[PDB]
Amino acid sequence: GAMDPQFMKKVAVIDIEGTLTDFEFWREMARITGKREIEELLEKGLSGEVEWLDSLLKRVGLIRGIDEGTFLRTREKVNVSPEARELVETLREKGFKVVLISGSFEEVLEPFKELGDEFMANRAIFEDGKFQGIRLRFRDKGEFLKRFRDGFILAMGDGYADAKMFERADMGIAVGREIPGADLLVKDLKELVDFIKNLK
């Protein structure tokens, strides 16, 4: 009988934000609510001026109570581009099992849910039709990569990734801005696609 021995394949992990999409949930939330503190907390988090979990929970705090519909509607701004799909299809062609990860909400990044072979993000807590908080489903992206510790890992990411994710990977590629731990920096998604297309 025919088999695709997927479990034995080198793994390609893609951190979605800043690689596959430029949609940024917290910037959208800042825009929607008019609360600039949201975006400022985001910048403090990205820069390392405050601890990541701290800025994250403060942002969650700032949108507590917002309508579930307003929240879920942000999904309408998320799309899988032909280029994003091209990256993923090509990785499969080149023999990778593809895993998409994000620290944002599965509810919002839903369009990516079946794109790769596995998908993982955080989730949202709704009560009586209002957003209440976040389900933290992995500690950080570094820890999440431990799921694939028995094999090799190519990791691709951008501004929402950090050195913790990259030092778990056997090869790491940053997209658009250098990330400590990454072996390569490519200038944009198109260039990442070109690199992968060159594989074999």
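Numbers for residues come from their place in the sequence shown, where the first is 1.
A.B. asks: Would you determine, from the values in the PDB entry, which of 173-181 and 11-19 has the greater average C-alpha temperature factor?
C.D. replies: Taking the mean B-factor of the alpha carbons in each, 173-181 is higher.
A.B. asks: Which is higher on average in the deposited entry, the C-alpha temperature factors of 159-167 or of 140-148?
C.D. replies: According to the PDB entry, the answer is 159-167.
A.B. asks: Between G129, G103, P111, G116, let me know which has the highest C-alpha B-factor in the entry?
C.D. replies: Top of the list by C-alpha B-factor: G129.
A.B. asks: Would you mind ranking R36 by its C-alpha B-factor against the rest of the chain and naming the third, lowest, middle or highest?
C.D. replies: Top third by C-alpha B-factor.
A.B. asks: Please place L154 in the lowest, middle or highest third of its chain by C-alpha B factor as given in the entry.
C.D. replies: For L154, the deposited C-alpha B-factor lands in the lowest third.
A.B. asks: Please place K58 in the lowest, middle or highest third of its chain by C-alpha B factor as given in the entry.
C.D. replies: CA B-factor rank for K58: highest third.
A.B. asks: Going by the CA temperature factor in the PDB record, which third of the chain does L72 belong to: lowest, middle or highest?
C.D. replies: Highest third.
A.B. asks: Using the B-factors in the PDB entry, rank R27's C-alpha atom against the chain and give the third, lowest, middle or highest.
C.D. replies: As the PDB entry reports it, the C-alpha B-factor of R27 lands in the middle third of its chain.
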